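Both ligands and their constituent atoms are indexed starting at 1 by order of listing. A note on names: the letters A, B, ... follow the listed sequences, proteins ahead of strands, and every chain is numbered from 1.
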Amino acid sequence: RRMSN
Amino acid sequence: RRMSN
Amino acid sequence: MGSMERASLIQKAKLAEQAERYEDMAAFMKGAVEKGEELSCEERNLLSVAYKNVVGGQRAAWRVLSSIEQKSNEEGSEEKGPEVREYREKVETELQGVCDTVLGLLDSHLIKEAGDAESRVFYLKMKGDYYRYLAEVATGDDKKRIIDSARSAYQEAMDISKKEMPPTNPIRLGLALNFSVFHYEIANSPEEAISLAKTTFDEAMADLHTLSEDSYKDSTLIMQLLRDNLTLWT
Amino acid sequence: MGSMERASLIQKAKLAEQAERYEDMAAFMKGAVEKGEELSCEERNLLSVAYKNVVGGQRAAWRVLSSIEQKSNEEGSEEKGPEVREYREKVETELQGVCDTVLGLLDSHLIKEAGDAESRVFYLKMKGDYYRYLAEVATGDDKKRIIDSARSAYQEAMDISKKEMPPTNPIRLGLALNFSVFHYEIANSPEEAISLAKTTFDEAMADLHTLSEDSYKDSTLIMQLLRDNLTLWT
Ligand SMILES: [Ca+2]
Ligand SMILES: [Ca+2]
């Protein structure tokens, strides 16, 4: 799953 | 840590 | 939940388990219990799983905060105000509310309408478990009566299970594991805990030969918990 | 929370973070914001962490239930009633309430009292993030306006950060990562997402030499998230 912040 | 159920 | 159908409550509890939404699952199962009908084996397991994850989160939080509080109460610690104590008390009160809810469900009226040995042992094991959770945080006056409530529920469950269930039954195994943990952590009786664990393990081992492959897997998984506790305590 | 002291709310939010009680942490930080005073860098990070874990749990639950629902809506699936849809809608409504709460905090009155570039970029990044969370579940009519609200917040934050912050600032890096994710997942613009990620990574790489060891660690950790997304998308 793609990374977010 | 000791096991419980 | 008084306006939702029982089947719908069970279905939504399953959905909540899949979504790891255990507070919702607990509320759904509570509504289902409140419908007044006896629960099946699967429904009992759903109820237990839901409230077990809820109280488990609350108990872990309580332990963290209690350790912070007891380090704040040591020599050389700077006074920080009443904040740690107040928050620990709030978490404690919430935990106590969840246990009171479970015990009220058991008392009205799950236990008194459970005739079969399996369901009755399940409910009494739950009762002992949740009185034990109350005993983990109790500090005065009612402490001994809470501990004896746990002991009494556990003992009645043990008697019925010894009379009516085989030594390999997973409910009997889990009940014995939890009663041994009670003896070790709560009742200050580590020798009784070790004795109970080894006796339960041995008598289940002796009857493993009667079981099919899947029942064998089910029983050995909990016997491994007993062996883990034994390795920790010996 | 209107009767508890601001310092006490911050202290209890820290305790809740240590106990992994993120709903309590969010309520504490909300009360702190409601005290009316501007937040420090540490307090902003506490607020963001709290609401990020709350919505993260709710979003994971929403995705699980939405996938169950869309498998129930396929050819060959047995009709199960309105239970999955009702529960997905309930989780969705709760998520939307949390996002509305965060955006109301930002609008009254965090953003309008943030003069410094760091705090203002932080709040606008939050605004874009929570409009994006709303866009993940929106289906009709207001969908495009929600998406444009996210785009607008992200764009203003990008402009201010390009003008007032170095390319290695962790807030700028995280903002660019999230804006690229918006482009990929929400705005249907994967080329813009990839372009933004590679440009941000390269311009931060070019300025790594100005940083101390710990600032270097801080910046490279988020550049690694950018490289992860790039490896996934290329
Ligand atoms: Ca009966
Ligand atoms: Ca200001």
Side-chain angles (χ1 to χ4, degrees), chain C residues 6-7 9-10 13 29-48 51 102-128 130 152-153 156-165 169 171-172 175, chain D residues 6-7 9-10 13 29-48 51 102-128 130 152-153 156-165 169 171-172 175:
Chain C
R6 190 180 181 280
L9 291 158
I10 302 302
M29 287 317 298
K30 179 195 199 293
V33 163
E34 275 164 355
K35 290 307 181 199
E37 282 165 79
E38 306 189 15
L39 302 180
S40 53
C41 182
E42 182 180 0
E43 291 157 3
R44 290 196 299 272
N45 294 4
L46 289 169
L47 178 76
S48 185
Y51 277 106
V102 172
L103 295 163
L105 287 188
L106 292 164
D107 196 49
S108 310
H109 305 267
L110 289 175
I111 288 176
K112 69 169 57 83
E113 295 296 78
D116 292 357
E118 289 70 24
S119 77
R120 185 163 192 86
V121 166
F122 192 93
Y123 292 134
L124 285 173
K125 175 183 174 293
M126 273 186 69
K127 181 172 183 171
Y130 281 83
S152 203
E156 192 182 347
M158 285 290 306
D159 300 338
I160 295 169
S161 90
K162 204 164 329 298
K163 205 176 203 168
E164 309 282 335
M165 290 150 89
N169 184 300
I171 302 297
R172 175 164 171 190
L175 161 73
Chain D
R6 190 180 181 280
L9 291 158
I10 302 302
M29 287 317 298
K30 179 195 199 293
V33 163
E34 275 164 355
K35 290 307 181 199
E37 282 165 79
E38 306 189 15
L39 302 180
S40 53
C41 182
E42 182 180 0
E43 291 157 3
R44 290 196 299 272
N45 294 4
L46 289 169
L47 178 76
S48 185
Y51 277 106
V102 172
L103 295 163
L105 287 188
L106 292 164
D107 196 49
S108 310
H109 305 267
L110 289 175
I111 288 176
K112 69 169 57 83
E113 295 296 78
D116 292 357
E118 289 70 24
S119 77
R120 185 163 192 86
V121 166
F122 192 93
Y123 292 134
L124 285 173
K125 175 183 174 293
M126 273 186 69
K127 181 172 183 171
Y130 281 83
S152 203
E156 192 182 347
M158 285 290 306
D159 300 338
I160 295 169
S161 90
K162 204 164 329 298
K163 205 176 203 168
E164 309 282 335
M165 290 150 89
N169 184 300
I171 302 297
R172 175 164 171 190
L175 161 73

Item checked: Residues which pass salt bridge (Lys or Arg N to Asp or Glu O under 4.0 Å) with C:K125, listed by chain and number, not counting sequence neighbours -> C:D129
Next item on the list: With sequence neighbours excluded, tell me which residues meet salt bridge (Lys or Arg N to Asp or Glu O under 4.0 Å) with D:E156.
Entry: D:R120
Notebook entry, point to check: With a 4.5 Å limit on heavy-atom distance, are the side chains of D:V121 and D:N169 in contact?
Noted result: no
Next item on the list: Return each pair, listed once, that meets salt bridge (charged side-chain N to carboxylate O under 4.0 Å, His left out) where at least one residue sits in residues 36-45 of chain D; pairs must be two or more places apart or across chains.
Entry: D:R6-D:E43, D:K14-D:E42
Check: Any side-chain heavy atom of D:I171 within less than 4.5 Å of one from D:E118?
Finding: no
Margin query: Which of the protein's N, O or S atoms come within less than 3.0 Å of the Ca ion (ligand 2), not counting waters?
Written below: D:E38 OE2, D:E113 O
Checklist line | pair C:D107-C:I111: side-chain heavy atoms closer than 4.5 Å | finding: no
